[PDB]
Amino acid sequence: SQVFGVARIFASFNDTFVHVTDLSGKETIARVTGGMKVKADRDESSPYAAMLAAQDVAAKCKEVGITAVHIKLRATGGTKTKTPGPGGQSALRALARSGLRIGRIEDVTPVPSXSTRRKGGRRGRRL
RNA sequence: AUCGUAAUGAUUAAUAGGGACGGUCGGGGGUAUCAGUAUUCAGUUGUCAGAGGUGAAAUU
Ligand SMILES: CC[C@H]1CN2CCc3cc(OC)c(OC)cc3[C@@H]2C[C@@H]1C[C@H]1NCCc2cc(O)c(OC)cc21
Ligand SMILES: [Mg+2]
Ligand SMILES: [Mg+2]
């Protein structure tokens with residue numbers, strides 16, 4: 001029936017990666033970031049840039065033959081934030097609204113089982 | 001020295017303490033040992049123009 005890729009959406013708070021691979025992830029099909037859609041750094045992670053990135057990703061997927069994708073959303077994780085960035089929701093809605101078919105959705109944010117020391121110092125970053 | 005007298009001679013066990021013992025109970029300690037993902041670094045792979053960071057930037 002359908003041909004599945006894997007839409008690996010990495011939504012940090014400074015950028016948004018929309019990366020579609022095969023099932024294994026060893027073959028990259030399309031990787032469009034929110035920074036390729038705007039010329040200002042402050043909105044590289046904007047929902048608008050993520051939507052444009054997703055539309056370009058869907059267009060590239062269609063001409064290669066990918067008709068459906070599984071979703072692996074992730075935040076920065078590690079010692080940094082575990083909540084996904086603002087662009088991951090827009091890239092997901094744009095992908096679903098672009099004619100690509102959606103399979104399983106999962107959050108794959110890296111979470112330590114403890115961890116290393118987090119930047120900022122003992123008193124945190126004072127603002 | 002022996003013998004005879006005598007009701008012959010030792011206070012409780014403290015909701016003080018100490019000790020023993022019996023099933024436990026603890027992220028109490030020491031010495032080994034076994035996980036976990038994460039971080040970074042490295043090796044292979046895949047694409048292609050940005051990535052990072054910020055209030056905005058810039059160093060990179
Ligand atoms: C860390 C040293 C200063 C440097 N200056 C330059 C001018 C400027 C202009 C802004 O607006 C154009 C702006 O955005 C807020 C931030 C700044 C920064 C703020 C900072 C003061 C800090 N101490 C208290 C106030 C405050 C508030 C914040 O939100 C905030 O976040 C980074 C930080 C702070
Ligand atoms: Mg303050
Ligand atoms: Mg007693």
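Throughout, protein chains are lettered first and strands after them, A, B, ... in sequence-line order, and every chain is numbered starting at 1. All heavy atoms count here, side chains included; hydrogens, waters and symmetry mates do not.
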For B:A20, does the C1'-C2'-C3'-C4' torsion put the sugar north or south?
north
Which is true for A:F17 with a 4.0 Å heavy-atom rule: it touches a base, it touches only sugar-phosphate, or it touches nothing?
sugar-phosphate
Residues from residues 21-30 of chain A sitting under 4.0 Å of RNA chain B, heavy atoms only?
A:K26, A:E27, A:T28
A:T81: side chain to side chain donor-acceptor pair (under 3.5 Å) partners, not counting sequence neighbours:
none
Count the heavy atoms of every other residue, nucleotide or ligand shown that sit under 6.0 Å from NZ of A:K62, and state whether that count exceeds 12.
no
Does B:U12 fall in syn (glycosidic angle within 90° of 0) or anti?
anti
On a heavy-atom basis, which atom in A:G87 and which in A:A11 lie closest, and how many Å separate them?
C-CB, 4.4 Å
Centroid-centroid under 6.0 Å between A:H19 and A:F10 rings
no
RNA chain B: A:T79 or A:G34, which has the more 5' nearest nucleotide?
A:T79
Please compare A:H19 and A:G77 by the position of their nearest nucleotide in RNA chain B and report the one closer to 5'.
A:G77
Any luck finding a side-chain donor-acceptor pair between A:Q2 and A:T67 under 3.5 Å?
yes
Per atom distances to the A:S113 side chain, the nearest of B:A51, B:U37, B:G55 is B:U37
Would you check if B:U60 and B:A51 are a Watson-Crick or G-U wobble pair, both distances kept under 3.5 Å?
yes
chi for B:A16 classified (syn = within 90 degrees of 0, anti otherwise) as syn
chi for B:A35 classified (syn = within 90 degrees of 0, anti otherwise) as syn
Looking at B:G52, I'd like to know if its phosphate oxygens (OP1 or OP2) sit under 4.0 Å from a side-chain N or O belonging to A:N14.
no
Provide the distance between the two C1' atoms, one in B:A7 and one in B:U2, to the nearest whole Å.
25 Å
Can you confirm whether more than 12 heavy atoms, excluding those of A:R126, are under 6.0 Å from its CZ atom?
yes
Go through B:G50, B:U54, B:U37 for me and flag the one nearest to the A:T33 side chain.
B:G50
Could you tabulate the donor-acceptor pairs under 3.5 Å formed by side-chain atoms of residues 38-57 of chain A, not counting sequence neighbours?
unit_1, atom_1, unit_2, atom_2, d
A:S46, OG, A:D43, O, 2.5
A:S46, OG, A:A49, N, 3.4
A:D56, OD2, A:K37, NZ, 2.4

Regarding the side chain of A:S12, the nearest nucleotide among B:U39, B:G46, B:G52 is B:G52
From the set B:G53, B:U39, B:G46, return the single nucleotide nearest to any side-chain atom of A:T116.
B:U39
Tell me: CG of A:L127 to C1' of B:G55, nearest whole Å?
10 Å
Syn or anti for B:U15, please, going by whether the chi angle lies within 90° of 0.
syn
Which of B:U54, B:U37, B:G46 is nearest the side chain of A:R125? It is B:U54
May I ask you to decide if A:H70's main-chain N or O and A:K72's side chain share a donor-acceptor pair within less than 3.5 Å?
no
Under 3.5 Å: donor-acceptor pair, side chain of A:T28, backbone of A:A30
no
Looking only at side-chain atoms of A:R31, point me to the closest of B:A51, B:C48, B:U39.
B:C48
Of residues 36-56 of chain A, the positions that come close to RNA chain B - non-hydrogen atoms, cut-off under 4.0 Å
A:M36, A:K39, A:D41, A:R42, A:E44
In a table with atom names and distances, give each donor-acceptor pair under 3.5 Å that connects a side chain of residues 97-111 of chain A to protein atoms at least two apart or in another chain.
unit_1, atom_1, unit_2, atom_2, d
A:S98, OG, A:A94, O, 3.3
A:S98, OG, A:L95, O, 2.8
A:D107, OD1, A:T109, N, 2.7
A:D107, OD1, A:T109, OG1, 2.4
A:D107, OD2, A:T109, OG1, 3.4
A:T109, OG1, A:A75, N, 3.0

At a heavy-atom distance below 4.0 Å, what parts of residues 83-94 of chain A sit against RNA chain B?
none
Its glycosidic angle compared against 90° from 0, B:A13 adopts the form syn
